[PDB]
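Just the one chain here, laid out as structure tokens, in the form deposited without this ligand.
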């Protein structure tokens, strides 16, 4: 009963979250997960400002409307040498990572550690926030509000 949530630096309030280091989040769960961080799924605009603040990943994730990978440096194995916000057009499958957006975040680069999931509710799961620099916060809770995701 244990979930790792892997989080990135927030850029203009937009961060990256992987569940258990693999693509295993539905669109419904993307909403619930972000809402546990007191966040909403980003709009394209919020993501485009996130990107200009110096944000990139090598992983597909949900935003408001699409599944995307933000890209600064052209790389062959990430979104296929594309730069800017790369939109996934064709895919058989539903589960990816997610992006979230906290409006309370600093306006640019925020590479401080995330030490809480301030709005998770009561549950039996161990939920471990896992940071890029390795630091951890664990709490017993739940965030999934749709049974089809549990």
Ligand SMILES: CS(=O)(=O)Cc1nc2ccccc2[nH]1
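Residue numbers count along the first chain shown, from 1.
Asker: Out of 116 to 124 and 96 to 104, which one has CA B-factors that are higher on average in the deposited record?
Answerer: Between 116 to 124 and 96 to 104, it is 116 to 124.
Asker: With respect to the recorded C-alpha B factors, which stretch has the higher mean value, 12 to 20 or 137 to 145?
Answerer: Here the higher of the two C-alpha B-factor means belongs to 137 to 145.
Asker: Which of these, 66, 57, 46, 83, has its C-alpha atom at the highest B-factor, as the entry lists it?
Answerer: Reading the PDB entry, the winner on C-alpha B-factor is 83.
Asker: Using the B-factor values recorded in the entry, state whether the Cα atom of residue 26 falls in the lowest, middle or highest third among the modelled residues of its chain.
Answerer: Its C-alpha B-factor belongs to the highest third of this chain's values.
Asker: Per the entry's values, where does residue 50 land by CA temperature factor relative to the rest of its chain, in the lowest, middle or highest third?
Answerer: Lowest third of the chain for residue 50's C-alpha B-factor.
Asker: Looking at the temperature factor on the CA atom of residue 41, which third of the chain's modelled residues does it land in?
Answerer: Lowest third, going by the recorded CA B-factors of the chain.
The form deposited with this ligand bound is left out here; the points below concern that form.
Asker: Spell it out for me: taking this ligand in the entry with it bound, does every residue among 30, 41 and 64 have a heavy atom no farther than 4.5 Å from it?
Answerer: No residue of the spot touches this ligand in the entry with it bound.
Asker: Answer for residue 12 alone: is it within 4.5 Å of this ligand in the entry with it bound, judged on heavy atom distances?
Answerer: Residue 12: no contact with this ligand in the entry with it bound.
Asker: Would you classify residue 138 as touching this ligand in the entry with it bound, given a 4.5 Å non-hydrogen atom cut-off?
Answerer: The answer is no: residue 138 has no heavy atom within 4.5 Å of this ligand.
Asker: May I ask you to list the residues of 112 to 131 that have any heavy atom within 4.5 angstroms of this ligand in the entry with it bound, in sequence order?
Answerer: Read in sequence order, the residues that approach this ligand (within 4.5 Å, in the entry with it bound) are 125, 127.
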